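Coordinate inspection notes
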Amino acid sequence: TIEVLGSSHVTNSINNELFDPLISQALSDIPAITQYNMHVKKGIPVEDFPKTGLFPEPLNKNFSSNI
Amino acid sequence: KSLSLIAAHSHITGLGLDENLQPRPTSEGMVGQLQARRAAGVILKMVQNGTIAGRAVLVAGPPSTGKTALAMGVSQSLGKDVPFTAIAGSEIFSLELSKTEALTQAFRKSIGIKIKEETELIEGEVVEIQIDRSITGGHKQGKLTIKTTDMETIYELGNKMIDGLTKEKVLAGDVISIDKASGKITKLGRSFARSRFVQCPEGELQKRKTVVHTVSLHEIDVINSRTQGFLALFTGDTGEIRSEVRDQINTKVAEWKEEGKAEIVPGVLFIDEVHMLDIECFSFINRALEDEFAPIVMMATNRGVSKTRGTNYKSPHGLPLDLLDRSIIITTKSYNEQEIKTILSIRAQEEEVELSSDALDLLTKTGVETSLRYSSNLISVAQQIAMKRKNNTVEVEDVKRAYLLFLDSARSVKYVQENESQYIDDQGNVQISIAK
Amino acid sequence: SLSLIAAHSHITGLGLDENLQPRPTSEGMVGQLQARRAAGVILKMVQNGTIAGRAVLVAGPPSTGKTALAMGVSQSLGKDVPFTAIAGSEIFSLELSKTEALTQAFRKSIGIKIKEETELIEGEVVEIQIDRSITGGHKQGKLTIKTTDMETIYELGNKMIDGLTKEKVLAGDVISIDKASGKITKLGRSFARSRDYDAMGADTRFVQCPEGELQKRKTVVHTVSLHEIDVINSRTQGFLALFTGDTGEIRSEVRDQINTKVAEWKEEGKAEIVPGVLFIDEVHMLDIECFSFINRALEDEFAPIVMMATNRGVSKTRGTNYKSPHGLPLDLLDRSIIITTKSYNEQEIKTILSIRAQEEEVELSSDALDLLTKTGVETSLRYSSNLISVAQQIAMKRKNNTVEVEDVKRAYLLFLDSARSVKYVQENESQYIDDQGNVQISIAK
Amino acid sequence: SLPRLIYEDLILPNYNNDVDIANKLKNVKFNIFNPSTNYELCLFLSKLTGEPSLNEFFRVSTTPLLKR
Amino acid sequence: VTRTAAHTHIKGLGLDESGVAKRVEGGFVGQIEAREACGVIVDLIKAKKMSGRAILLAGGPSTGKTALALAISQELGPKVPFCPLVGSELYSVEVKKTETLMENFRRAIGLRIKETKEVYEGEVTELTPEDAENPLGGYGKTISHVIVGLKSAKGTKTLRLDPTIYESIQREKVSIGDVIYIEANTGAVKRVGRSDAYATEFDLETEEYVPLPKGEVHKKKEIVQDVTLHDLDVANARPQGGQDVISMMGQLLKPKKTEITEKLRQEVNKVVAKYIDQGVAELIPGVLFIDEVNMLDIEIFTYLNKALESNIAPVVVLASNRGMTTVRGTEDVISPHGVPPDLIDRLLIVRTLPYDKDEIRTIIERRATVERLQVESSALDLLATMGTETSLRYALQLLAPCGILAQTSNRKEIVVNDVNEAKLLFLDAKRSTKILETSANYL
Amino acid sequence: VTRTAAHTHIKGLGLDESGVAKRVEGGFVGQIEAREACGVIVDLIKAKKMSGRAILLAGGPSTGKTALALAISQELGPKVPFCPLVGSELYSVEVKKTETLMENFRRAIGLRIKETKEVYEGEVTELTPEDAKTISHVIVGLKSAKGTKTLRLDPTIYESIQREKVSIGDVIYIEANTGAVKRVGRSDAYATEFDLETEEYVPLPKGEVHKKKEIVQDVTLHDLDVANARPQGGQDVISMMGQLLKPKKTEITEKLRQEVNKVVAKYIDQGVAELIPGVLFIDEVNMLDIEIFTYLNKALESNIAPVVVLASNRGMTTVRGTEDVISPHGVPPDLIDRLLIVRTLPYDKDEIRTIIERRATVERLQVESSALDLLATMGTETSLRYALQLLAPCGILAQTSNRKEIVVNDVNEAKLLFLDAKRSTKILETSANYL
Ligand SMILES: Nc1ncnc2c1ncn2[C@@H]1O[C@H](COP(=O)(O)OP(=O)(O)O)[C@@H](O)[C@H]1O
Ligand SMILES: Nc1ncnc2c1ncn2[C@@H]1O[C@H](COP(=O)(O)OP(=O)(O)O)[C@@H](O)[C@H]1O
Ligand SMILES: Nc1ncnc2c1ncn2[C@@H]1O[C@H](COP(=O)(O)OP(=O)(O)O)[C@@H](O)[C@H]1O
Ligand SMILES: Nc1ncnc2c1ncn2[C@@H]1O[C@H](COP(=O)(O)OP(=O)(O)O)[C@@H](O)[C@H]1O
């Protein structure tokens, strides 16, 4: 963690770099009922969705965690 | 802080000098070498004045004669906040950095920038937190009661403070510190309420604290170069920082110095075993000393008229004459029996070892016979033999047992030379069978 | 412009006739008639283009004109023909093998020629109207574009509509669309709207509105080397490797496929093959492995004509432990023809110095020119060539527009040549660091 | 811990530093893929690669790798 | 039944409480003075006060130098760290040898930490998210909160999850009816398995069925961990374990060794010193063993001179079998055991001696006892005479072909004919050299 | 106060208007002919017409070569690029040495760009976007202590505004030409909406909202080559954490350099730019390989090459990378045929005394005249650099005994404490065990 005492711009920049919505949306997926809500009850087409599901799958179910 | 077991130079707390730069016979763990200590005090005043830059000082002498200990005394007498980079000679032969780049990074880690800034903090003990939330969480109303030993207050809380308080969960009786601008809340622990443990703060709640930062030039060079972030200061893969960013940093530091926003502090770069460097490193050092942003370089070597690395000729101290022309040489001497006895006494008091007087005389005799470091090493293994037979003070026969068990160099060379058929020679010829 | 007066910028082609007979002084070249005739023969060999894989060797003493001859061949070759000029030290890379670097240098010197047609509609967008069907399966577009003279109405496909959603237009940006190809680009904003939005932004740029005919027709001709095709087909986005050099040992099967498709395009009639010259200056620092690779690579059909220049005597071949003529092995010298060069005399030195003083905008007197000619007879030629330009500055500091003998004498006294420095070193060698690292610093013994 | 002076005088633009001016000068005005100044190179690369838009090279050359 | 390989007949130094070595106990025969010196070194290591001490084991080939180091490692116990090295392992193509030596120096300092974990666990019963107002607003995620209903034994809790936690929740592919395990220290989620309260035999994904977790959903537990300083160094150098973008991308890239700067080591030392001062940590220094020390060159020796003078470095044990050999990386210096004299001045040499006929005979007897073979007395005498005549190792390695040849003849004991046949079938170094001298075409 | 490091008593060549060197001028003592030759070279560089001219200045150690090079750099001024270099810096492990040589060649050619900086700053009082899902424009009304100002903005800047999370009452910073948006903080008028808050509060700007300034940008061709040849891609303006993939140096092709030259030549013809060639200075030129010496011959014949200045202190020495090539100053003869050699002569006693007095004056030390002749005798007996480096221990030892003047006892004490090379060598020969 890098801190600058008495500045709010550095906190916003660090929170944008660590938790970038585009990359974090690329490394995950939207829930199914949320996808149904935006595609049908909001009129958003499928091609205007953010990119999801680019995390590579592990070998097993056991290989997905360190606990 | 600064965890450490016991070092080989842990008994040295600094140079033993008075106000007139004269060495005491025994002070701050240093015994003997009065001329070397006086010269190192002059170099210390050279560093502390800070009005000149780029001077080379060579410390040369026989092995195991106070060479690294002088540098440790200088570094201990320098104090905090002044940089001190201590590298070895063979450390600059990298695989992803050139030798001149590694030398430049070692040079620019010894110049610091002093910046003073003031912040506002709120530190106190939490009395009561009252949070009112809606069903959907669209709005939240908050009241926080916080106190010190001298005042009590209640704050009306905003949305972002409420979200920053439910994160990093705080309860009653905690002692916390809040920065208003950045929103960072640090839990310092719990107060003295049994119902880790930290005494309640006193005085005003909102204090104005000024902190003084010391940032090396290499950190600004890494940060200003946009190819890698600040994490390269820890991972170490900076990877050949260019020169235009260094020029920009130099011009900006010179611009900050005129307006009083920053101060230049110089440090000491210590290069132990300087004879291991290559000729190209010497040629880079010949021009790196002629810059305004250059520290004071201390080099140590024990070679006498050795072959310069990367060449085919022999040079004094293993260094070419161009580097020796730019340097002033401090020479160390060998020790008498009284200096060896005093050093062994200090090393005995450092390791919490009780020595008898006859054992000290035997250790001094076998120190002036073979080496100082052998007799220094014998004490800690003689103490285990003393403790094995359930005795506290180290006696004569314990030192004799340690002399019998662990060999020195001169006995091992003779034992090798009498039985040369049992060891592998330079031709790879050995004999393993006993008979024939 | 971005060109200063270089070492040999006065040479514009070989000074030859129509019967390949060199004139004594023409096109900036003086003397060296046999080498100029040989270079004209090689130039006609290149311009014929039916002979592939020939190696010539320009050999001579230093400061004779081998690189000047190569520059003259390059200038007389003309444009749109690839002429690669590399040194011998450039192929020792860290990310590429010497074989791969030599293969890339070989394939950079042969190209193909492609001609295409363009129907450019360049203008400023006035207003765009999009018609959507009730089903939504197709989108219709009415585009109102204009130049400074006239304006028409165009009907648009759905691919135009999706191509104009990307790099979006805001009714006043200057675009240009092709008809047959349909290439879409956005040049920038017009100058008429420069006082509208009060702050420019990041990517925007202001261009003038195009004037005249809206629909233009233009034929352009491209010349692409085979190495560019290799780099393009090696990756997914290959032009970044074309401009940053990060290709990294392209495989052989893509080269075979590219050779087969080049032969197919030549047979069909889409493109024609333009050969070229590869010049390897200072060839004597190449390894023996590079020489063996050159020996094998000279026998392929897609090989350029290789020009090599060296000035070594009977010297050691690098990577071996023996000596050889020109620093080259004998099997490489077997498959080659040698053009030799001869040293100059007083008159050719005087003519070269006069031409170089004419090029550098320096006026000399006759006596100063004769003094510089005598110096170039005794010392080398480049010493006098530098003496001219420093004597010009001395004369300008003396507030005189011409260079006289006193300025040449002052420049001779101030700046030394090799022989005087050798004599001064050998007279006072105790003050210099010798090969053993011994030096005497102090002046008093 | 980083001092505030370095951050406000070396990273963010203000009235006394030229971060934004030099950024626009190096990355936009002097870019060799600009169609306003280097249209011939863009046309040559579009014939070479087969891209249907001449602004694709300027877009590709100025984005990070992960976003690309 | 069990696997034996050139060792594992040795269980320790075999000393009494006074440090006096027995003649034959603990799997050791002879070498009394070296074993007593190693016992003194073992007591010095167990004192846990010194730093940067070093000894050197010097002797001929096949005399028991590696055996003494393994006996030291067995006498110390498994809690004290022990890093065995060969001298050829320090030359790597990814990072310089100096950094590899410092890595092996930091790999031999242990630490024991009592660690407290905040744990939410239970069975997922309700998994309900709710949406944002403008999902295509560019900034902010698609959802805003996720409601998770957890049920444990004698308890039930509901949680409103942050989206960042929900990324790790949905990366584990949890569902309704799964028992999960959320670690609040790092945000890591472990999916244990399907609950056994529902049916079992209707699955096709070979899942594991687990009962409900005992106790409440929210827990705090204390965990004792064993961690070396090098582990902390490589954890901070390549950060994997967060829920951010950088920590997520750190697990997918190919790992590579990097030159860890001294600033990170100073920060790690400061944090470890704070942990020790808080009373939750205990420092366990260890032993670094570098066998075949003559393979090192002058640069690693010169860096080792500096590295032994730090205040953290552990006890270093070296070994060599050279008499008077030039140091590698030099041309004309000559030093005992291939170790330069400035490094020799900081050592404590422990001499090792060759064996006799009776010691060879009882070593052969014990190694035949370990390998579960029965040897006749005359065959044992012949094997001892062979070991004196040729090599101890040659007589050691001829036991198992003798056992195979005895077993092929349907016998249990080993007799003289099997020893003679193993002599005739298998050769030693001297006879092979004598054959090579009287050879035709470089045999 | 002021830091002096082995130089900075040199302010120039000390020439007159006619190029004749005075004896003591510009901090230079003696050395008339080398200073006059360097003045001629300075005039040739200021002519700005020729390309690829190379000179070499050779002499003994500690004789004034680097001082002459820095005097040339001081004579040219700060607008002319000057790239110092040592010969050992060309050996990098990321790219070949020829690429590094070409990079240092193109680092010494500069450009001058006339630019205009326009800045709006102040408190936001109105933020009303207008559409025609796509915003047509946005109207922003700023406010400072001298009044208000209302601006229209395109949606591209509006996207950067909502990137910065800007609401009503924040103090912002908008650059007109580049479109940069920076949020400074909330205004002090809204500091009492809550007792405890996360936002930081700043006062109103006391100046006007609209500010204009003329600036001059200095760049080199190497900066444009680096900016056009990023291998991974572009970068954002703010990146506190680096890229996940490490970008190393790459061998930049000739095509990129040709395109950069074409773009710069187009920009020069419109009067936007101005081309200033500079000096590439390479010290310790004898530490170069034969391959770099060969590639230097090709690089010196280009059309854009700057003026190259080399230094060497070797005599008849074997070239590095060869076996049996003996050439003067460690420089091969095919390269030696391309330069002009300037000889640099040693010093006698009185100039050594005068230089010692000059360095004592610069370092703010007072030396008695009795100690000055002893220091000059010491300098002639051992080295000039040994006498120059002994001034500060003498000053410290004088200041220790509460004296502000150098007394010859301090010089004797500093001679006793610190040795030179010759006495240390005599200790080395008359010793038993490794000194
Ligand atoms: N004057 C002194 N005072 C205290 N200890 C000393 C002194 N001189 C030498 N020593 C001790 O002798 C040992 C060798 O010193 P050192 O200078 O490190 O060896 P070397 O000369 O090989 O560098 C050190 O452990 C140091 O503690
Ligand atoms: N025939 C010629 N006509 C005009 N100039 C020449 C001629 N030959 C040589 N020169 C000049 O001599 C200079 C050095 O010759 P160069 O070609 O470098 O010799 P080399 O081929 O041995 O390297 C060049 O600047 C060139 O202009
Ligand atoms: N005192 C001993 N008692 C039993 N076996 C021994 C003894 N000394 C050596 N050995 C055996 O001799 C072999 C060689 O010893 P080791 O130390 O591994 O190699 P070296 O002595 O060549 O370094 C080992 O397999 C070990 O089992
Ligand atoms: N004419 C002079 N006047 C004043 N100082 C000089 C003069 N000549 C040399 N010096 C000084 O003597 C020193 C010589 O250093 P330098 O020129 O770097 O040595 P070298 O010529 O071996 O590179 C410099 O510190 C410089 O300040």
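Residues numbered from 1 in each chain as written, not as in the entry; some residues may be left out. Chains lettered and ligands numbered in written order. Part of a larger assembly, values for the part shown. Heavy atoms only, no water. Residues with missing side-chain atoms left out of burial classes, pairs and counts.

Header annotation of the entry names cryo-EM as the structure determination method and lists the resolution as 3.09 Å.

So, the side chain of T317 of chain C
All names here are of chain C. Here is the rule we go by: Here a helix means four or more residues in a row that DSSP labels H or I, a strand means two or more in a row labelled E, and each is numbered from the N terminus. Pairs of N or O atoms within 3.5 Å make up the polar contacts considered here, provided that, within protein, one atom can donate a hydrogen while the other can accept it, and that residues adjacent in sequence are counted only when both atoms are side-chain atoms. Here, two residues are considered to be in contact whenever any of their heavy atoms come within 4.5 Å of each other.
Residue position: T317 is located in the loop between β15 (314-316) and β16 (323-325). At 2.3 Å, the side chain of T317 forms a polar contact with the side chain of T320. Those residues within four positions of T317 in sequence are excluded, and the remaining contacts are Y322, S324, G327, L328 and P329.

Some remarks on the pattern of salt bridges
Worth spelling out the cut-off: Salt bridges are counted wherever a side-chain nitrogen of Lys or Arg sits within 4 Å of a carboxyl oxygen of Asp or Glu. Only protein chains enter the accessibility calculation, which uses a 1.4 Å probe; a residue is then buried when its area is under 20% of its type maximum, exposed when over 50%, and partly exposed in between.
All told, the structure shown has 104 salt bridges over all chains when counted by the stated rule. Of the charged contacts in the structure, one is a salt bridge between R189 of chain C and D173 of chain C, with a shortest N-O distance of 3.0 Å. In this pair, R189 of chain C sits in strand β9 (residues 184-190) while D173 of chain C sits in strand β8 (residues 173-178), placing the two residues 16 residues apart along the sequence. With respect to class, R189 of chain C is no different from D173 of chain C; both count as buried. Residue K96 of chain E is joined to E259 of chain E by a salt bridge in which the shortest nitrogen-to-oxygen separation is 3.8 Å.

Focus on the sheet that holds strand β16 (residues 327-331) of chain B
Residues and elements named next belong to chain B. The cut-off we apply is this: A pair of strands is considered paired only if DSSP assigns at least 2 bridges between the two. For helices, the fitted axis covers only the stretch in contact; all axes are lines through C-alpha atoms, and the angles between them, taken along N-to-C directions, range from 0 to 180 degrees.
Judged by pairing direction, the sheet is parallel, and its five strands sit side by side in the order β4-β12-β13-β3-β16 without closing on themselves. Each end of this open sheet is capped by a strand with a single partner; those strands are β4 (84-88) and β16. With strand direction ignored, the average angle separating the axes of adjacent strands in the sheet is 20 degrees. Strand direction decides the pairing type here: β4 and strand β12 (residues 268-272), joined by five bridges, are parallel. If you follow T85 over to β12, its bridge partner there is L269. Of the strands in this sheet, β3 (56-60), β4, β12 and β13 (296-301) are in contact with helix α2 (residues 67-78), which crosses β12 at around 160 degrees.

Let's talk about the packing of helix α1 (residues 34-49) of chain B against α2 of chain B
Residue and element names in this part refer to chain B. We apply this condition: Roughly parallel refers to an angle under 35 degrees, roughly antiparallel to one over 145, roughly perpendicular to one between 65 and 115, and oblique to any angle outside these ranges. Helix crossings are classified by the rotation of the near helix relative to the far one: an anticlockwise turn of less than a right angle makes the crossing left-handed, while a clockwise turn makes it right-handed. Classification used: nonpolar for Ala, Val, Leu, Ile, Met, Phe, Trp, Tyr, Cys and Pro, charged for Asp, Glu, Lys and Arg, polar for all others including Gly.
Look at α1 against α2: their axes get within 11 Å of each other, and the N-to-C directions meet at 40 degrees. Taken together, α1 and α2 sit at an angle that is classed as oblique. Where α1 crosses over α2, the handedness of that crossing is right-handed. For the pair α1 and α2, contact is made by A36, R37, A40, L44, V47 and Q48 and by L70, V74, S77 and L78, respectively. Looking at the contact of α1 with α2, its residues break down into seven nonpolar, two polar and one charged.

So, the packing of aromatic side chains
Selection rule: Two aromatic rings, drawn from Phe, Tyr or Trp (for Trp, its six-membered ring), form a pair once their centres lie within 6.5 Å of each other, and the interplanar angle then sorts them: stacked below 30 degrees, edge-to-face above 60, tilted otherwise. Counting as a charge over the ring demands two things of the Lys NZ or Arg CZ atom: a distance within 6 Å of the ring centre and an angle within 35 degrees of the ring normal.
Scanning the model with the defined rule gives 11 aromatic pairs over all chains in all. Geometrically, the ring pair formed by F239 of chain C and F33 of chain D is edge-to-face, given 6.1 Å between the ring centres and 75 degrees between the ring planes. Here the residue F239 of chain C occupies a position in helix α6 (residues 239-244), and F33 of chain D occupies one in the loop between α2 (19-29) and α3 (39-49), the pair thus bridging two chains. Both residues of the pair, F239 of chain C and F33 of chain D, count as buried. Of the aromatic side chains, those joined through ring pairs into one cluster are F239 and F243 of chain C together with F33 and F57 of chain D. Positioned above the aromatic ring of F55 of chain A is the side chain of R171 of chain E, whose terminal nitrogen or guanidinium carbon lies 5.3 Å from the ring centre. Over the ring of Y15 of chain D we find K213 of chain F, and its NZ or CZ is 4.8 Å from the ring centre.

Brief notes about the sheet that holds strand β13 (residues 277-281) of chain C
Sheet strands pair via backbone hydrogen bonds, and the direction of the pair is either parallel or antiparallel. Residues and elements named next belong to chain C. Judged by pairing direction, the sheet is parallel, and its five strands sit side by side in the order β4-β13-β14-β3-β17 without closing on themselves. Only two strands of the sheet have a single neighbouring strand rather than two, namely β4 (83-87) and β17 (337-340). Sheet twist, expressed as the average angle between the axes of neighbouring strands with direction ignored, equals 20 degrees. Of the strand pairs in this sheet, β4 and β13 are connected by five bridges, and their pairing is parallel. By the bridge assignment, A87 is partnered in β13 with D281.

Some words on the interface of chain C and chain F
The criterion, for reference: Defined in terms of a 1.4 Å probe, buried area is the accessible area two parts forfeit on being brought together, summed over both.
Chain C puts 73 residues into the contact, and the matching count from chain F is 91 residues. Here chain C packs against chain F, burying approximately 7,200 Å² in sum over the two surfaces, 58% of which is carbon and sulfur. The three residues of chain C that bury the most area against chain F are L2, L4 and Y197 of chain C, which together make up 11% of that side's buried surface. Put simply, chain C and chain F have four salt bridges between them. Across the salt bridge formed by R318 of chain C and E291 of chain F, the nearest N and O atoms sit 2.9 Å from each other. Taken together, the connections running from chain C to chain F amount to 24 residue pairs in polar contact. Of all the secondary-structure elements, those providing two or more residues to the side of chain C that touches chain F are β4, α6, α12 (381-397), α13 (405-414) and α14 (418-427) of chain C. The element that contributes the greatest number of residues to the side of chain C that touches chain F is α12 of chain C, accounting for eight residues. Class assignment of the residues belonging to the side of chain C that touches chain F gives a composition of 34 nonpolar, 20 polar and 19 charged.

Observations concerning the site of ligand 1
Residue and element names in this part refer to chain B. Heads up, the rule is: For each residue, the test is whether any non-hydrogen atom lies within 4 Å of the molecule or strand; if one does, the residue is near. Method for areas: the Shrake-Rupley scheme with a 1.4 Å probe, in which residue coverage is limited to the protein chains shown.
Around ligand 1, the surrounding shell holds 17 residues, and the nearest of these are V31, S64, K67, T68 and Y335. At 2.8 Å, a side-chain N or O of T68 approaches an oxygen atom of ligand 1. One of the side-chain nitrogen or oxygen atoms of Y335 is found 2.4 Å away from a nitrogen atom of ligand 1. Taken by itself ligand 1 offers 560 Å² of open surface, and the protein chains cover 94% of this. For the shell around ligand 1, the elements supplying multiple residues, two or more each, are β2 (30-31), α2 and α12 (372-388). The element that contributes the greatest number of residues to the shell around ligand 1 is α2, accounting for three residues.

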